[PDB]
Each structure stands twice: as structure tokens, then as C-alpha cells.
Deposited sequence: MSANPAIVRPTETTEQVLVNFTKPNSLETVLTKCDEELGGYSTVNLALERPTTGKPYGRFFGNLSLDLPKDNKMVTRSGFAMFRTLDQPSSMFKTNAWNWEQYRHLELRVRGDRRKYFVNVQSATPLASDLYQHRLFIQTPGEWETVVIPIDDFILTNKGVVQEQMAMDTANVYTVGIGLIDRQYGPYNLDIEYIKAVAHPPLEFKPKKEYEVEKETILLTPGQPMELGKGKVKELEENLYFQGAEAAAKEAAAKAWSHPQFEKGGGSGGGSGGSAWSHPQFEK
């Protein structure tokens, strides 16, 4: 047996809940950023929704405008809206034993992104992977491999270097849809999980109806 040294070694986990909106103290974990810092007219708001049925979630909504502000004139592309976890003071996260990122979201036709800030040579570098919404209007889990995020600098694809996966600072979801109109995203949680074992069966919620070989407990 591993005996006592099992408690002396660094603890290992199969997952890590990055952002959890189920708890009623979630605004203190996350911060929102629209383009009003650049002078844009797109607003961003965040709130917790606690329905009678189903788990509580968070609403990342707003009106993503794409109008060039008439104050500084030196912005050009002036539309974006994002939210990310509060700045990391341990000074960084550790994802080296993790392989995928799980986002329990209920999105819309708008076009979202997953943003990750980690240790990079440039402080403005960002690991981005588009949040593929497949069934808008219904809850779904989006799984993004952590080794499938792409390194960008202010939206420009740069030289590809692997994510440090040991000095991750923040994670969040942004909106660079480049399209006018209101947007609203409902988010349950964002977690970092290890490699899932092979399944050959649809999820229990998405289960087809037939006779079950398994005996009912």
C-alpha cells in the first residue's frame, strides 16, 4: 500500500472547477469587460439566475455594437465583449494533468470564444478556441481539448507555441462575433477535466428508447 506518503505527496485530482456559478457568490470570482474602455457603445452585464427548476446559472448578456466611437477615432475595429476570472495573485493554476475543458452552457446563435491567459512571452497573448454551440436554446456541454486552443495576439494568429499548461492565470468567454444585435449566454460551470475513457453510448440524458439489458436496481 502507498501508506502515509499518500498524504505527503501533492494531491492529485481528476478535475478542477474553474468557474462555478451555482454558488451565490460568483460575481466576486469573475470580471466583465466591454469596449467602453475604448469608447464603444456595447454594454456588458452579468447576473445570477436561480430558477425553481434546474441548477442556478449565470447570464452573460449585452448589446454587442460595432460602431466606431467618435471620441478618439484611432480604434478601427471597436466591437468586443468578454468576461474572465479575476486576476491570479499560488501565482498560477496547474493543468498539466488535465486534457479537456468542459463548459456547461445554453447559448444562442451568437458566436462565442473561449479565452485563456497563461504564461506567454507577450503579456497580451491569448489562447483562443471558438465555443461551438450545437443546440442553441438547450443546455449542452462543450468539450474543448486544452491542446486545441490557438495562440493569438490582439486577434492575429502568431507563431504556434504549446500552452504552458502549468502556469495558467485566467479563463473566460469572449464575443468577437463582429455582428450587431443583442446577445445572451447562460452558463452553468467551466471545469478543467482529464482525458475521458472511451464511451460507445450517448449521454444518459440523450438516451434512445429500447429494452435495457441491465437489470433495474
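Trainee: What portions of the deposited sequence, indexed from 1, have no corresponding C-alpha atom in the structure?
Mentor: Model skips 90-94, 223-284 of the deposited chain.
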